[PDB]
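Colleague: Provided hereafter are the protein sequence and its experimental coordinates.
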Amino acid sequence: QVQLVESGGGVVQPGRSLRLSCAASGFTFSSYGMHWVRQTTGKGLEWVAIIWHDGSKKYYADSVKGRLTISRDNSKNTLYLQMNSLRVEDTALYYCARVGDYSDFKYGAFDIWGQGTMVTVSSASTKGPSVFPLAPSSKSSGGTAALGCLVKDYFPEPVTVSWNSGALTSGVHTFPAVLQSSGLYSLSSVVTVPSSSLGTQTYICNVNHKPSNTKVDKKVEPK
Amino acid sequence: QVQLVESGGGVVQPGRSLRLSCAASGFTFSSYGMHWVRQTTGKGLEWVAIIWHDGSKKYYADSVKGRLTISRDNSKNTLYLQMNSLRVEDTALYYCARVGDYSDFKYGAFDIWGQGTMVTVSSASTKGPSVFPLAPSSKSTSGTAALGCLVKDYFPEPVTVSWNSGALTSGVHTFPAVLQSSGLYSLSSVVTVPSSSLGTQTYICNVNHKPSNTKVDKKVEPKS
Amino acid sequence: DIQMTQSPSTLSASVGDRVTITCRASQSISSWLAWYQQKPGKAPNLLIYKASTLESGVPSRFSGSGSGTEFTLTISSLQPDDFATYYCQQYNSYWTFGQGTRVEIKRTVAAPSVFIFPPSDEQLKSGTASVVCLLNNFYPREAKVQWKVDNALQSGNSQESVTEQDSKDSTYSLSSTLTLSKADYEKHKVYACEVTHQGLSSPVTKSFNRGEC
Amino acid sequence: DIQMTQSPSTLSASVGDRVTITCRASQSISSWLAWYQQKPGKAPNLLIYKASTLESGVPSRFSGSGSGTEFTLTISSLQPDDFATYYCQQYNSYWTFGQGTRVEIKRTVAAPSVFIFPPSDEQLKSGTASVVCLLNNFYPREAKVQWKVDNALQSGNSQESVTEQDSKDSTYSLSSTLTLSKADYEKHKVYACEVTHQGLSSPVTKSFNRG
Amino acid sequence: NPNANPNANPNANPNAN
């Protein structure tokens, strides 16, 4: 089975190092040029570096020159990416892609992609989240009220949120986290419930942050 | 004028070595990539090896890797195929071919070939043939009869089979040899003569085997 | 640096539709173009290379066309597994990708339900104030949110994120967080979030007064 | 590993006929296919490269066509010096040839003259007995010979050799050689070779009895 | 030229340019 398996990711601090691996199987690795392509939700898909089939030629993007060096071990069918002097701008999901062997003047079609490995560079440290309530307002806005909890200031990813220990899933909207200016993630989780149940039904959002071993049960009630 | 002359083929026993040489002339030899292609009746034309014009890149067929080595001497316009650890499966006719310099993304159209050199790998030792007659039946003179000689258990090829010291040439059919399970070769050479000449005309097959210095003459007479 | 621009960025479609995706090139790239498809959580998969050649193993419903600077990816009859994001990549000079085109599942327009939550009393004790505006169950994805504090437009101090379509929801939802210092929050009274969406004939504003709600 | 497969393996034609040879490809080789011609005792000669481009010295009769996995070679007017074996090869991924299509001289059908020569007395001394079933001047090449000691067939104790197509009569000749041991030869009485061919309406059997 | 063929090609041009 033709596939690419990557490893070496993780969260590190600015200036540290990190070596990414890309083990290849199912095809002849020694007869293929390889790329590294990183992806973010802000810059999109961005080419990083290319290695020749024999390692004789190497080319890097401008944003990674000198700091990132690409290598290859044909004896072990693995592609490498040495990352040094890591900046927070290097935070991305990194892919390794195989160059399609389609005869032409230019070559740049990628027919096999790795599953991706995540690199997070940040000066932040492990921090448990603070859970604040989003209290429901005046009842009878269509007879349905909105409530939730705000999970602020944690690092790193991820955080899990349930409602009433999972027994409440209708109406739950848990939004993707955002990275604040402080390098700390913030996440919001809401649920829509009838207005007639605010004074008669308990709503507890269960927040779990494994990176800090933090568990918080937050009861949300109107004010 | 543009040609490739090969040499170095021969009969060897398995495990031994042999060096093929492809002499070029009429073109710039140091400018072309070169191939070795072998041809056997069982497998047809099979690619063996390629060498870059300067000798930097070399590729080999899977069946010959480690035992065959393609080399090149551009100062003498010679292409080489060093054959080591030879197997009987390597018995074939070997050509050297030139890569046609046609501008494209892929290359491999062979526009000049050598005359071919034969390599034969066998554990059999030199043995002269034993000649046995194929006696015709003397009947139905009014009608043609068939007679011949069975050339059996010889090695290596070839044998020159002539009839009546080359005087009898009409109706003669010398068959291609067959390789037996013992490693020796077998051949049959028949001739169709008018049955009315069986009573008086005498027929003699002459089997000459140069690799064993063997010359045999057998008279074929009507059995019945 | 050759820039790849894709039009449109987001499009709705149903199963069986003919969708067409445009990829502009900042300069001529001849036919050195590739098309990819990426599903959430998965790597991209190549569909078209050399502008029009179809990748082996890809359904023949996909087809690329164009040369020079304008290119096109076409799906003659869209299937349920085609709802993803498609990127165009050139390889004339180095390698650059488009911004991507999201293919969302089409439905009727739906106006958002707007809810605003003042900061909690326990967060104000910490020195920061977070005001949240909730846009619930709207379609399509395009929506705008403006934060006003005493009729003063707030820019650069808010963030937002959106949900996707799933097996339970055909619409989207948006959560915007206005982050103010405690001192700044106590200095003003009216906090409002103005929502503009296609399903609204006029912008909807939801407000509260500090110290009252 | 791209396999080249030509069809047919051999075809009969006459001077002036329009001959077409088709060879398939296990994978797509685009237009990177070459056609060769090989006469006996000689090296191949390039005919067409790049699927359809004609080699410099090759006459206008030959032409190449097709692309992808199906390719064709066509001779407009068959010249008498065009009776040879033709090979197609791909050079898209390494280098592989087809089995070769032979172009023979088509003539009138002719049945084989069947003879069965018993083993000689000189060979009887060695301990091995060789029987020879000879077929002379038959067309077409397709023919089968079955050895039946008594009433039982023989499996793998016989070899055959076919001469090339004759220069004048354009016919073929076959020589089958059944090899038994003297202990096995002196043990049975009936020895026969049955020949099936289009010339004969029923399998002709030439045989003899030991003695 | 970074966009040249980065793969191994046994069928590439074996002649002198």
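Modeller: Looks like it arrived, so ask away. Numbering: from 1, shown residues only, chains lettered A, B, ... in the order given.

Colleague: count of residues packed around the closest residue to residue A:148 other than its chain neighbours?
Modeller: Once flanking residues are discounted, residue A:148 sits nearest to residue A:190: 3.2 Å by CB to CB, 6 or more residues apart in numbering or on different chains. C-beta coordinates here come from the backbone N, C-alpha and C atoms, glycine included. For residue A:190, the neighbour count with other CB atoms under 10 Å in any protein chain shown is 27.

Colleague: measure residue A:190 to residue C:168 for me?
Modeller: Residue A:190 sits 14 Å away from residue C:168, going by CB to CB, to the nearest Å.

Colleague: do the same with residue C:131
Modeller: Going from residue C:131 to residue C:168 by CB to CB gives 28 Å.

Colleague: so what's the most centrally placed residue in chain E up against?
Modeller: Nearest residue to the geometric centre of chain E (CA atoms, centre = their mean): residue E:12, 5.1 Å. The neighbours of residue E:12, taking CB atoms under 8 Å, 6 or more residues apart in numbering or on different chains as the test, are B:105, B:106, B:107, E:5.

Colleague: isn't the third one right up against residue B:32?
Modeller: In other words, residue B:107. No - assessed by CB atoms under 8 Å, residue B:107 is found out of contact with residue B:32, at 10.2 Å.

Colleague: what about the residue of chain C at minimum distance from chain D, which SS state?
Modeller: Proximity of chain C to chain D (CB to the nearest CB) peaks at residue C:56, 9.2 Å away. Using DSSP: H, G, I helix; E, B strand; the rest coil, the structure places residue C:56 in coil.

Colleague: got the contact list for it?
Modeller: Residue C:56 neighbours (CB under 8 Å, 6+ apart): none.

Colleague: can you list the residues of chain E near chain D?
Modeller: When proximity is defined by CB under 8 Å from any CB of the partner chain, chain E lies next to chain D at E:10, E:11.

Colleague: and residue C:131 and residue C:168? Which one has more around it.
Modeller: Neighbour count, other CB under 10 Å: between residue C:131 and residue C:168, residue C:131 has more, with 23 against 10.

Colleague: residue in chain C nearest to chain A?
Modeller: Residue nearest to chain A within chain C: residue C:91 (2.2 Å; CB to the nearest CB).

Colleague: so what's the residue lying closest to residue A:99 once chain neighbours are set aside up against?
Modeller: Once flanking residues are discounted, residue A:99 sits nearest to residue A:33: 4.3 Å by CB to CB, 6+ apart. Counting by CB under 8 Å, 6+ apart, residue A:33 makes contact with A:50, A:51, A:52, A:53, A:98, A:99, A:107, E:5, E:6, E:7.

Colleague: show me those residues that map onto strands.
Modeller: The members of the contacts of residue A:33 that map onto strands under DSSP state E are A:50, A:51, A:98, A:99.

Colleague: burial of residue C:204, as a residue count?
Modeller: Using other CB under 10 Å, residue C:204 has 17 neighbouring residues.

Colleague: now it. Nearest residue, chain neighbours left out?
Modeller: Spatially, and ignoring its direct neighbours in sequence, residue C:204 is nearest to residue C:195 (4.9 Å; CB to CB, 6+ apart).

Colleague: quick one: that neighbour from residue A:150, how far?
Modeller: 19 Å.

Colleague: still on that earlier bit, next, the buried residues of the helix or strand the residue nearest to residue C:204 falls within.
Modeller: Assigned by DSSP states H and E, residue C:195 belongs to strand C:190-196. By neighbour count on 16 or more other CB atoms under 10 Å in any protein chain shown, the buried set for strand C:190-196 is C:191, C:192, C:193, C:194, C:195.

Colleague: would you mind giving those residues as a markdown table with distance to residue C:173 added?
Modeller: What follows is these, written out as a markdown table (distance: CB to CB, whole Å):
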| residue | distance to residue C:173 |
| --- | --- |
| C:191 | 21 |
| C:192 | 20 |
| C:193 | 14 |
| C:194 | 18 |
| C:195 | 12 |
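
Colleague: still on that earlier bit, residue C:177 is in contact with the residue nearest to residue A:148, correct?
Modeller: No - counting by CB under 8 Å, residue A:190 sits too far from residue C:177 to count as a contact (12.0 Å).

Colleague: report how many residues lie close to the residue of chain C closest to chain A.
Modeller: Using other CB under 10 Å, residue C:91 has 25 neighbouring residues.

Colleague: what sits against it?
Modeller: A:106, A:107, A:108, A:109, C:29, C:32, C:33, C:34, E:3.

Colleague: can you give me the distance of the nearest residue to it once chain neighbours are set aside to chain D?
Modeller: The shortest distance from residue C:91 to any non-neighbouring residue, by CB to CB, 6+ apart, is to residue A:108 (2.2 Å). Separation of residue A:108 from chain D (CB to the nearest CB, to the nearest Å): 20 Å.

Colleague: burial of residue 139, as a residue count?
Modeller: Defaulting to chain A. By other CB under 10 Å, neighbour count at residue A:139 equals 15.

Colleague: think we crossed wires, I meant chain C
Modeller: There are 24 residues near residue C:139, going by other CB under 10 Å.

Colleague: ok, the helix or strand containing residue A:216 near chain C or not?
Modeller: Assigned by DSSP H and E, residue A:216 falls within strand A:214-220. No - using CB under 8 Å from any CB, strand A:214-220 stays clear of chain C, coming no nearer than 9.6 Å.
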